[PDB]
Amino acid sequence: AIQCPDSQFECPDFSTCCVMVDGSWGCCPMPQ
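Residues numbered from 1 in each chain as written, not as in the entry; some residues may be left out. Heavy atoms only, no water.

Student: Would you mind going over the state of the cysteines with me for this structure?
Tutor: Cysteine pairs can be linked by a disulfide, which is a covalent bond between their two sulfur atoms. Tallying each qualifying case throughout the model produces two disulfides. The disulfide bridge from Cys-4 ends at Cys-17, spanning 2.0 Å between sulfur atoms. Disulfide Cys-4-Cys-17: torsion about the S-S bond near 70°, hence right-handed. Here the residue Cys-4 occupies a position in the segment before β1 (15-19), and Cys-17 occupies one in strand β1, the gap between them amounting to 13 residues. Linked covalently through their sulfurs, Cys-11 and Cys-27 form a disulfide whose S-S length is 2.0 Å. Torsion about the S-S bond of the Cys-11 and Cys-27 cystine: about -85°, corresponding to left-handed handedness. Taken together, the residues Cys-11 in the segment before β1 and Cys-27 in strand β2 (residues 25-29) connect sequence positions 16 residues apart. Since its relative accessible area comes to 33%, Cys-27 is described here as partly exposed. Described in terms of the sequence order of its bonded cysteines, the disulfide pattern of the chain is 1-3, 2-4. With no disulfide of its own, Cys-18 has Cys-28 as its nearest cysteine by sulfur position, at a separation of 5.8 Å. With a relative accessible area of 37%, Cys-18 lands in the partly exposed category. (Disulfide = S-S within 2.5 Å. Helix = DSSP H or I, 4+ residues; strand = E, 2+ residues; numbered from the N terminus. Buried < 20%, exposed > 50% of the residue type's maximum accessible area, 1.4 Å probe, protein only.)

Right, dumping it as structure tokens:
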């Protein structure tokens, strides 16, 4: 569970900190 700048939330070890096309941040599942 690490943080990520330009964001107001955090992400767990289940998903990394990524972004979307809309313009908002979010934790996306790591590429397996």
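Once the structure has been displayed, the description carries forward.
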